[PDB]
Amino acid sequence: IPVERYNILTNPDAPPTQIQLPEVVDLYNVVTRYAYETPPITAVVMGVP
Amino acid sequence: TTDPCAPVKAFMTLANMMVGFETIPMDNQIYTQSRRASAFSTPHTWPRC
């Protein structure tokens, strides 16, 4: 199993956000995940008068 | 009514009716004297004049 991919799991000294982009693709990293919403502008700013 | 800003609405209703005949100074250049008195519902919208 390629240890050079799984850097975050096989190296205890590695920080969690640590990638090497040209050489390998690492197959396992931290990824962020959002929960933003995109409502319509006519529903977020009103202009009721 | 028990809203925290009744007198600013009481003033700006007459100012809205009065625009074109009497004027008042302001703080910025974004807003105009014919801004509706519904919109003055939070104390950061009180006029310095």
# chains A, B, ... in the order shown; residues from 1 in each chain; ligands from 1

$ interface_residues --of "chain A" --to "chain B" --cutoff "12 Å" --atoms "only C-alpha atoms" --output "list in words"
residues 45, 46, 47, 48 and 49 of chain A

$ write_last_selection --atoms "N, CA and C atoms" --output "PDB file, in the first residue's frame"
ATOM      1  N   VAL A  45     -33.749  41.313   1.048  1.00  0.00           N
ATOM      2  CA  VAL A  45     -34.000  42.736   1.244  1.00  0.00           C
ATOM      3  C   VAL A  45     -35.377  43.037   0.668  1.00  0.00           C
ATOM      4  N   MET A  46     -36.201  43.743   1.441  1.00  0.00           N
ATOM      5  CA  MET A  46     -37.632  43.786   1.170  1.00  0.00           C
ATOM      6  C   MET A  46     -38.052  44.998   0.348  1.00  0.00           C
ATOM      7  N   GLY A  47     -37.862  46.199   0.878  1.00  0.00           N
ATOM      8  CA  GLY A  47     -38.413  47.371   0.224  1.00  0.00           C
ATOM      9  C   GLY A  47     -39.923  47.437   0.278  1.00  0.00           C
ATOM     10  N   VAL A  48     -40.513  47.070   1.410  1.00  0.00           N
ATOM     11  CA  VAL A  48     -41.965  47.028   1.584  1.00  0.00           C
ATOM     12  C   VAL A  48     -42.707  48.361   1.441  1.00  0.00           C
ATOM     13  N   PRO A  49     -42.089  49.570   1.602  1.00  0.00           N
ATOM     14  CA  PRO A  49     -43.003  50.672   1.260  1.00  0.00           C
ATOM     15  C   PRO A  49     -43.167  50.874  -0.240  1.00  0.00           C
TER      16      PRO A  49
END

$ residues_around --residues "residue 8 in chain A" --least-positions-apart "2" --cutoff "10 Å" --atoms "only C-alpha atoms" --output "PyMOL selection string"
chain A and resi 3-6+10-19+26-30

$ residues_around --residues "range 8-13 of chain B" --least-positions-apart "3" --cutoff "7 Å" --atoms "only C-alpha atoms" --output "PyMOL selection string"
chain B and resi 5+16-17+37+40+46

$ atom_distance --atom1 "CA of residue 40 in chain A" --atom2 "CA of residue 43 in chain B"
26.9 Å

$ select_by_dssp --residues "chain B" --states "alpha helix (DSSP H)" --output "list in words"
residues 7, 8, 9, 10, 11, 12, 13, 14, 15, 16, 17 and 18 of chain B

$ write_last_selection --atoms "N, CA, C and O atoms" --output "PDB file, in the first residue's frame"
ATOM      1  N   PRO B   7     -40.554  58.054  18.695  1.00  0.00           N
ATOM      2  CA  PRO B   7     -40.434  59.478  18.341  1.00  0.00           C
ATOM      3  C   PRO B   7     -39.682  59.753  17.054  1.00  0.00           C
ATOM      4  O   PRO B   7     -39.963  60.765  16.402  1.00  0.00           O
ATOM      5  N   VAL B   8     -38.741  58.895  16.665  1.00  0.00           N
ATOM      6  CA  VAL B   8     -38.031  59.118  15.411  1.00  0.00           C
ATOM      7  C   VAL B   8     -38.965  58.894  14.230  1.00  0.00           C
ATOM      8  O   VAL B   8     -38.926  59.637  13.240  1.00  0.00           O
ATOM      9  N   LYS B   9     -39.865  57.914  14.344  1.00  0.00           N
ATOM     10  CA  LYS B   9     -40.900  57.736  13.332  1.00  0.00           C
ATOM     11  C   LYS B   9     -41.876  58.906  13.333  1.00  0.00           C
ATOM     12  O   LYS B   9     -42.309  59.361  12.265  1.00  0.00           O
ATOM     13  N   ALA B  10     -42.197  59.423  14.525  1.00  0.00           N
ATOM     14  CA  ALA B  10     -43.100  60.567  14.636  1.00  0.00           C
ATOM     15  C   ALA B  10     -42.509  61.813  13.989  1.00  0.00           C
ATOM     16  O   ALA B  10     -43.234  62.618  13.397  1.00  0.00           O
ATOM     17  N   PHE B  11     -41.194  61.977  14.078  1.00  0.00           N
ATOM     18  CA  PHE B  11     -40.531  63.108  13.440  1.00  0.00           C
ATOM     19  C   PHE B  11     -40.419  62.913  11.932  1.00  0.00           C
ATOM     20  O   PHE B  11     -40.711  63.826  11.145  1.00  0.00           O
ATOM     21  N   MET B  12     -39.998  61.722  11.513  1.00  0.00           N
ATOM     22  CA  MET B  12     -39.701  61.503  10.110  1.00  0.00           C
ATOM     23  C   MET B  12     -40.962  61.386   9.260  1.00  0.00           C
ATOM     24  O   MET B  12     -40.888  61.609   8.051  1.00  0.00           O
ATOM     25  N   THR B  13     -42.124  61.105   9.856  1.00  0.00           N
ATOM     26  CA  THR B  13     -43.361  61.152   9.079  1.00  0.00           C
ATOM     27  C   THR B  13     -43.659  62.574   8.607  1.00  0.00           C
ATOM     28  O   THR B  13     -43.970  62.805   7.428  1.00  0.00           O
ATOM     29  N   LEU B  14     -43.511  63.548   9.507  1.00  0.00           N
ATOM     30  CA  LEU B  14     -43.688  64.941   9.118  1.00  0.00           C
ATOM     31  C   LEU B  14     -42.570  65.408   8.201  1.00  0.00           C
ATOM     32  O   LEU B  14     -42.814  66.214   7.299  1.00  0.00           O
ATOM     33  N   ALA B  15     -41.351  64.891   8.381  1.00  0.00           N
ATOM     34  CA  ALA B  15     -40.274  65.276   7.467  1.00  0.00           C
ATOM     35  C   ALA B  15     -40.502  64.721   6.060  1.00  0.00           C
ATOM     36  O   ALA B  15     -40.228  65.408   5.063  1.00  0.00           O
ATOM     37  N   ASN B  16     -41.028  63.495   5.963  1.00  0.00           N
ATOM     38  CA  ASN B  16     -41.394  62.914   4.675  1.00  0.00           C
ATOM     39  C   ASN B  16     -42.502  63.702   4.005  1.00  0.00           C
ATOM     40  O   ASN B  16     -42.483  63.899   2.786  1.00  0.00           O
ATOM     41  N   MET B  17     -43.491  64.143   4.778  1.00  0.00           N
ATOM     42  CA  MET B  17     -44.531  64.976   4.191  1.00  0.00           C
ATOM     43  C   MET B  17     -44.024  66.368   3.843  1.00  0.00           C
ATOM     44  O   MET B  17     -44.571  67.007   2.941  1.00  0.00           O
ATOM     45  N   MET B  18     -42.976  66.828   4.515  1.00  0.00           N
ATOM     46  CA  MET B  18     -42.504  68.199   4.429  1.00  0.00           C
ATOM     47  C   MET B  18     -41.417  68.394   3.375  1.00  0.00           C
ATOM     48  O   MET B  18     -41.119  69.544   3.032  1.00  0.00           O
TER      49      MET B  18
END

$ residues_around --residues "residue 32 in chain B" --least-positions-apart "5" --cutoff "10 Å" --atoms "only C-alpha atoms" --output "list in words"
residues 16, 19, 24, 25 and 26 of chain B

$ write_last_selection --atoms "N, CA, C and O atoms" --output "PDB file, in the first residue's frame"
ATOM      1  N   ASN B  16     -41.028  63.495   5.963  1.00  0.00           N
ATOM      2  CA  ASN B  16     -41.394  62.914   4.675  1.00  0.00           C
ATOM      3  C   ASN B  16     -42.502  63.702   4.005  1.00  0.00           C
ATOM      4  O   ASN B  16     -42.483  63.899   2.786  1.00  0.00           O
ATOM      5  N   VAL B  19     -40.846  67.307   2.837  1.00  0.00           N
ATOM      6  CA  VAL B  19     -39.763  67.432   1.859  1.00  0.00           C
ATOM      7  C   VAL B  19     -40.254  68.134   0.591  1.00  0.00           C
ATOM      8  O   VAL B  19     -41.394  67.950   0.144  1.00  0.00           O
ATOM      9  N   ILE B  24     -33.509  69.507   6.068  1.00  0.00           N
ATOM     10  CA  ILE B  24     -32.692  69.274   7.262  1.00  0.00           C
ATOM     11  C   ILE B  24     -31.357  68.683   6.846  1.00  0.00           C
ATOM     12  O   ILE B  24     -31.251  67.986   5.827  1.00  0.00           O
ATOM     13  N   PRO B  25     -30.302  68.973   7.606  1.00  0.00           N
ATOM     14  CA  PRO B  25     -28.997  68.376   7.310  1.00  0.00           C
ATOM     15  C   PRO B  25     -28.937  66.914   7.721  1.00  0.00           C
ATOM     16  O   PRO B  25     -29.781  66.410   8.463  1.00  0.00           O
ATOM     17  N   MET B  26     -27.918  66.224   7.208  1.00  0.00           N
ATOM     18  CA  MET B  26     -27.781  64.786   7.394  1.00  0.00           C
ATOM     19  C   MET B  26     -26.351  64.416   7.742  1.00  0.00           C
ATOM     20  O   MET B  26     -25.474  65.272   7.871  1.00  0.00           O
TER      21      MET B  26
END

$ decode --residues "range 9-26 of chain A" --atoms "N, CA, C and O atoms" --output "PDB file, in the first residue's frame"
ATOM      1  N   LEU A   9      -1.948   9.854   7.640  1.00  0.00           N
ATOM      2  CA  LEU A   9      -2.157   8.723   8.530  1.00  0.00           C
ATOM      3  C   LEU A   9      -0.857   8.051   8.949  1.00  0.00           C
ATOM      4  O   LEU A   9      -0.753   7.563  10.076  1.00  0.00           O
ATOM      5  N   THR A  10       0.138   8.006   8.072  1.00  0.00           N
ATOM      6  CA  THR A  10       1.363   7.285   8.381  1.00  0.00           C
ATOM      7  C   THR A  10       2.435   8.153   9.021  1.00  0.00           C
ATOM      8  O   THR A  10       3.421   7.609   9.531  1.00  0.00           O
ATOM      9  N   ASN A  11       2.281   9.470   9.012  1.00  0.00           N
ATOM     10  CA  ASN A  11       3.267  10.348   9.629  1.00  0.00           C
ATOM     11  C   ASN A  11       2.624  11.059  10.808  1.00  0.00           C
ATOM     12  O   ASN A  11       1.752  11.917  10.602  1.00  0.00           O
ATOM     13  N   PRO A  12       3.003  10.742  12.048  1.00  0.00           N
ATOM     14  CA  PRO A  12       2.441  11.468  13.195  1.00  0.00           C
ATOM     15  C   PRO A  12       2.936  12.896  13.307  1.00  0.00           C
ATOM     16  O   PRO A  12       2.277  13.710  13.962  1.00  0.00           O
ATOM     17  N   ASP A  13       4.070  13.226  12.692  1.00  0.00           N
ATOM     18  CA  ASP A  13       4.596  14.582  12.739  1.00  0.00           C
ATOM     19  C   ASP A  13       3.952  15.503  11.716  1.00  0.00           C
ATOM     20  O   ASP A  13       4.181  16.715  11.769  1.00  0.00           O
ATOM     21  N   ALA A  14       3.165  14.971  10.803  1.00  0.00           N
ATOM     22  CA  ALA A  14       2.583  15.798   9.759  1.00  0.00           C
ATOM     23  C   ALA A  14       1.383  16.563  10.303  1.00  0.00           C
ATOM     24  O   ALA A  14       0.576  15.991  11.042  1.00  0.00           O
ATOM     25  N   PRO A  15       1.238  17.842   9.975  1.00  0.00           N
ATOM     26  CA  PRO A  15       0.022  18.570  10.328  1.00  0.00           C
ATOM     27  C   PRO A  15      -1.150  18.074   9.502  1.00  0.00           C
ATOM     28  O   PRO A  15      -0.945  17.450   8.451  1.00  0.00           O
ATOM     29  N   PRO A  16      -2.390  18.306   9.954  1.00  0.00           N
ATOM     30  CA  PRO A  16      -3.543  17.775   9.207  1.00  0.00           C
ATOM     31  C   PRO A  16      -3.736  18.403   7.842  1.00  0.00           C
ATOM     32  O   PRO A  16      -4.107  17.701   6.895  1.00  0.00           O
ATOM     33  N   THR A  17      -3.493  19.701   7.699  1.00  0.00           N
ATOM     34  CA  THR A  17      -3.529  20.334   6.387  1.00  0.00           C
ATOM     35  C   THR A  17      -2.096  20.352   5.868  1.00  0.00           C
ATOM     36  O   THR A  17      -1.331  21.290   6.083  1.00  0.00           O
ATOM     37  N   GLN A  18      -1.724  19.266   5.201  1.00  0.00           N
ATOM     38  CA  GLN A  18      -0.399  19.136   4.607  1.00  0.00           C
ATOM     39  C   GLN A  18      -0.552  18.316   3.338  1.00  0.00           C
ATOM     40  O   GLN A  18      -0.859  17.122   3.400  1.00  0.00           O
ATOM     41  N   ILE A  19      -0.346  18.952   2.193  1.00  0.00           N
ATOM     42  CA  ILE A  19      -0.459  18.299   0.899  1.00  0.00           C
ATOM     43  C   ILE A  19       0.811  18.561   0.106  1.00  0.00           C
ATOM     44  O   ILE A  19       1.501  19.563   0.319  1.00  0.00           O
ATOM     45  N   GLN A  20       1.138  17.641  -0.797  1.00  0.00           N
ATOM     46  CA  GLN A  20       2.156  17.894  -1.812  1.00  0.00           C
ATOM     47  C   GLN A  20       1.496  17.699  -3.175  1.00  0.00           C
ATOM     48  O   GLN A  20       1.071  16.596  -3.530  1.00  0.00           O
ATOM     49  N   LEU A  21       1.323  18.792  -3.890  1.00  0.00           N
ATOM     50  CA  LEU A  21       0.443  18.778  -5.051  1.00  0.00           C
ATOM     51  C   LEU A  21       1.042  18.257  -6.359  1.00  0.00           C
ATOM     52  O   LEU A  21       0.347  17.489  -7.031  1.00  0.00           O
ATOM     53  N   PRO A  22       2.262  18.625  -6.798  1.00  0.00           N
ATOM     54  CA  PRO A  22       2.725  18.069  -8.079  1.00  0.00           C
ATOM     55  C   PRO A  22       3.091  16.601  -8.009  1.00  0.00           C
ATOM     56  O   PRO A  22       2.881  15.879  -8.987  1.00  0.00           O
ATOM     57  N   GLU A  23       3.599  16.131  -6.872  1.00  0.00           N
ATOM     58  CA  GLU A  23       4.199  14.803  -6.807  1.00  0.00           C
ATOM     59  C   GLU A  23       3.143  13.704  -6.730  1.00  0.00           C
ATOM     60  O   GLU A  23       3.102  12.820  -7.590  1.00  0.00           O
ATOM     61  N   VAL A  24       2.297  13.727  -5.702  1.00  0.00           N
ATOM     62  CA  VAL A  24       1.231  12.750  -5.526  1.00  0.00           C
ATOM     63  C   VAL A  24      -0.080  13.499  -5.310  1.00  0.00           C
ATOM     64  O   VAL A  24      -0.135  14.722  -5.400  1.00  0.00           O
ATOM     65  N   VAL A  25      -1.149  12.747  -5.043  1.00  0.00           N
ATOM     66  CA  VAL A  25      -2.465  13.317  -4.777  1.00  0.00           C
ATOM     67  C   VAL A  25      -3.020  12.922  -3.419  1.00  0.00           C
ATOM     68  O   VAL A  25      -4.147  13.307  -3.091  1.00  0.00           O
ATOM     69  N   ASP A  26      -2.310  12.077  -2.673  1.00  0.00           N
ATOM     70  CA  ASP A  26      -2.454  11.807  -1.242  1.00  0.00           C
ATOM     71  C   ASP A  26      -3.704  11.038  -0.825  1.00  0.00           C
ATOM     72  O   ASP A  26      -3.729  10.477   0.275  1.00  0.00           O
TER      73      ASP A  26
END
